[PDB]
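The sequence lines fix the lettering, A, B, ..., with proteins before strands; numbering per chain opens at 1. All ligand and atom numbering here is 1-based and tracks the order in the structure.
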Amino acid sequence: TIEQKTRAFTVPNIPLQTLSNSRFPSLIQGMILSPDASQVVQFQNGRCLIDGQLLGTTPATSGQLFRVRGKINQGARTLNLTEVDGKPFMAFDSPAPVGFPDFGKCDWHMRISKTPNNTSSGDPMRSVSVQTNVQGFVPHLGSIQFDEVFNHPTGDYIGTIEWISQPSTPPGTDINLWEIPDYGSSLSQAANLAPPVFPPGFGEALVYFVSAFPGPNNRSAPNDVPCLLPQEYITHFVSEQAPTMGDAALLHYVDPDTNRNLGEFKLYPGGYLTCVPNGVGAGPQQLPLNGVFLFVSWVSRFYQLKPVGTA
Amino acid sequence: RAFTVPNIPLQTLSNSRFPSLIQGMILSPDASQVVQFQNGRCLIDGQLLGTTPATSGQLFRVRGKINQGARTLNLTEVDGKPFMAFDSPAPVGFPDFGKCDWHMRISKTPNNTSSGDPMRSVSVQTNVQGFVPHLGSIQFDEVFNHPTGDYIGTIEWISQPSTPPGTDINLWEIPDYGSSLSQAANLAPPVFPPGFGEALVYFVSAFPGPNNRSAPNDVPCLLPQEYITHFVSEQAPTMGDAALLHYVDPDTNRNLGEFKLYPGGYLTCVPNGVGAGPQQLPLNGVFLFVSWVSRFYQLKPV
Ligand SMILES: CC(=O)N[C@H]1[C@H](Oc2ccc([N+](=O)[O-])cc2)O[C@H](CO)[C@@H](O[C@@H]2O[C@@H](C)[C@@H](O)[C@@H](O)[C@@H]2O)[C@@H]1O[C@@H]1O[C@H](CO)[C@H](O)[C@H](O)[C@H]1O[C@@H]1O[C@@H](C)[C@@H](O)[C@@H](O)[C@@H]1O
Ligand SMILES: CC(=O)N[C@H]1[C@H](Oc2ccc([N+](=O)[O-])cc2)O[C@H](CO)[C@@H](O[C@@H]2O[C@@H](C)[C@@H](O)[C@@H](O)[C@@H]2O)[C@@H]1O[C@@H]1O[C@H](CO)[C@H](O)[C@H](O)[C@H]1O[C@@H]1O[C@@H](C)[C@@H](O)[C@@H](O)[C@@H]1O
Ligand code: NA
Ligand code: NA
């Protein structure tokens, strides 16, 4: 319809501190730049074009995000993946089932239970561990491998990663949540991976939204999980499907108390934000978390942003 | 601002009492069922009620301080901000699962270590003297012999209440937020069956744990969480007694049934006799706002 092809672009009118991470369900706790200015990312969750096209394993909503489901035989180590709703995972079509975790460079410590409940007594929760850099980690091929033999009844199991730790191998290496796992095998490449996102350069830098995930690391600091977009942005775009009318959407991060612009950002159609750091050490991490991103105008990709923060 | 609801199939939307996909749309098994959920409560102009969060990020989490050797979790908001006593039933997003024991998993935050499993199991009964979230605290079943600090987590699975012994889980109910001395202030109000041929519509998702029926623990809620987020963002003024919705098959554009969305944040339909109701409909439909109507507008039976 005319209305559909002329639908004005909008973003959710909610403060950032109230919005959610798109790599796991949690409130956003900060904005950061990547420690390495050359950091390329290839997250498989939290990937959506601003006209509402989902990429990688990204779900439309948080209901499906960061869950794992599959069948496992008693005495086996192999979880044969399905979609979160129990339907078959069409392998080679996607890197993994929709919402499957994309936490690379760490060990996963999962909690799962047999579904649906068919019991009248007892604790149904089971602890399993998954390494992501071993030959058995092949979600693209339809399966992942637990560390230990699964001595519990054969069936359909659902759950999630509860906490993460430093990868078992190579021994001594740290968690690196900037990376995704290898979804494929030594024999087969993972098909339909969401593409990499490169630093824009020319004064601009990628903006990441972070939330702490349980577990230790070599730095005795929170495991901050960076993502490109709040989940509510993704849901909004999927619902709205507003046509992209320019190279980038200029956003102002506005203080709700004073109505003053705290920082200029560009939201690119590929589904990521940039800013111009106001010198070394400056950046969006210096801004309060109660601001609201407001859509100002479609702009050229060459449009220059006022630098944000203080060096 | 014109009123709209999210253009996303129902099966892709989320429960507003815990983060999970909606797996069904039902009427209450008891036609006289009154509900008083504290989460998933939002006026359709974007006004949150009870303990309802704007988004799923805050939903169904518990945070507080606990001392090594104590049984008491002194609650904060999920972001660590102080919780004000006597003001609300509980912190924003605090679970509202009544008539069950809670089996929680929590961890000390932020991480300040390079070693170890940080996860702790604790259990909470909701009908005991120590369950007083309105006063800012809940009591664990066992003494907490783990380091003092700021803990965050959620309910992992539920079971039949410890007392009275033998009683079953009933997720149509909420816990007792209040104390012996005072009732909880600012509870979201009860929602009563509308009568006049109409019936309340509930969105259901399964939650882990046993029960006396050896069946799934089904969690009913009044609105998908995405509807709440939408209303909070849009803040569209209510301009009729009810918003008339069509539940549309997006594959064909066929109208599968008429519903009313009331200003108080709940949906009704008219069942076409017994056996009929929204549970007969496929879950891939999208609700579409059609018109503001008066409360006397008669719905076509579903
Ligand atoms: C405190 C506890 O663990 N209670 C268990 C109970 O434990 C014992 C029974 C007898 C002895 N003994 O001879 O000395 C020692 C320990 O065992 C029964 C039977 O297995 C458990 O009840 C059953 O499982 C529950 C999950 C419910 O489905 C219940 O209906 C079943 O009968 C009992 O577990 C507790 O049951 C309570 C209701 O009666 C209530 O549901 C409570 O939350 C349950 O405790 C939880 O589950 C336990 C298995 C355990 O994990 C505990 O830490 C949890 O809090
Ligand atoms: C298999 C295991 O449990 N590995 C543990 C290791 O356990 C033992 C140490 C010594 C004995 N013994 O003398 O007989 C027996 C078992 O203990 C070390 C600490 O000394 C653990 O490493 C530390 O904790 C981890 C969570 C990491 O933070 C790590 O950096 C710390 O040094 C070790 O845990 C495993 O470490 C691996 C990296 O080296 C990897 O992170 C792996 O996932 C860890 O295993 C998990 O955590 C354990 C504590 C345990 O809960 C296990 O079930 C988990 O899979
Ligand atoms: Na692999
Ligand atoms: Na109480």
Trainee: Answer yes or no as to whether an N/O/S atom of B:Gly178 is found below 3.0 Å from the Na ion (ligand 4).
Mentor: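 Of the N, O and S atoms in B:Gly178, at least one lies under 3.0 Å from the Na ion (ligand 4), which means yes.
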Trainee: Does any N, O or S atom of A:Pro139, backbone or side chain, fall under 3.0 Å from the Na ion (ligand 3)?
Mentor: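 Here the distance criterion (N, O or S atom, under 3.0 Å) is not met by A:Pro139, so no.
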Trainee: Does the cation-pi check pass for A:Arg69 over A:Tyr157, that is, NZ or CZ under 6.0 Å from the six-membered ring centre and within 45° of its axis?
Mentor: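 Verdict for A:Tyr157: no cation-pi partner in A:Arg69.
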Trainee: From A:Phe137, does some N, O or S atom reach closer than 3.0 Å to the Na ion (ligand 3)?
Mentor: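 It does: A:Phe137 brings an N, O or S atom closer than 3.0 Å to the Na ion (ligand 3).
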Trainee: Hey, could you give me each pair passing salt bridge (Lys or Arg N to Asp or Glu O under 4.0 Å) that has a residue in residues 185-198 of chain A? Not counting sequence neighbours.
Mentor: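 Checked against salt bridge (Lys or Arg N to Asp or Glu O under 4.0 Å) - neighbours excluded - no pair reaches residues 185-198 of chain A.
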Trainee: Evaluate whether atom NZ of B:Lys65 has more than 12 neighbouring non-hydrogen atoms of other residues, nucleotides or ligands under 6.0 angstrom away.
Mentor: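 Enclosed: over 12 neighbouring heavy atoms sit under 6.0 Å from NZ of B:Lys65.
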Trainee: Hey, what's the ring geometry for B:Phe207 with B:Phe18, parallel, tilted or perpendicular (30° and 60° as the breaks)?
Mentor: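 Perpendicular: the ring planes of B:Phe207 and B:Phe18 meet at over 60°.
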Trainee: Does either side chain, that of B:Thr51 or that of B:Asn39, offer a donor lying less than 3.5 Å from an acceptor on the other one?
Mentor: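 B:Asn39 and B:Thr51 do have a side-chain donor-acceptor pair below 3.5 Å.
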Trainee: Starting from the Na ion (ligand 3), look over the N/O/S atoms of A:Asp182 and name the nearest one.
Mentor: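 Going by distance to the Na ion (ligand 3), the closest N, O or S atom in A:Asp182 is O.
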Trainee: Ignoring hydrogens and angles, state whether a donor on the side chain of B:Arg105 or B:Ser121 is under 3.5 Å from an acceptor on the partner side chain.
Mentor: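 Result is yes, a qualifying pair exists.
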Trainee: Heavy atoms under 4.0 Å from ligand 1: which residues qualify?
Mentor: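 Lining ligand 1: A:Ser120, A:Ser121, A:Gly122, B:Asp101, B:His103, B:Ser123, B:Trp157, B:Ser159, B:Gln160, B:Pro161, B:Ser162, B:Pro210.
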Trainee: Of A:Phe103, A:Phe137, A:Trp163, which is the lone residue that meets ring-ring contact (aromatic ring centres under 6.0 Å, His included) with A:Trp108?
Mentor: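 Testing A:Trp108 for a ring-ring contact (aromatic ring centres under 6.0 Å, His included) against A:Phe103, A:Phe137, A:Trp163 leaves exactly one candidate, A:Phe137.
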Trainee: Do we get B:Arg17 above B:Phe37's six-membered ring, with its NZ or CZ under 6.0 Å from the centre and within 45° of the axis?
Mentor: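 Because its charged atom sits under 6.0 Å from the ring centre and within 45° of the axis, B:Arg17 does stack over B:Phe37.
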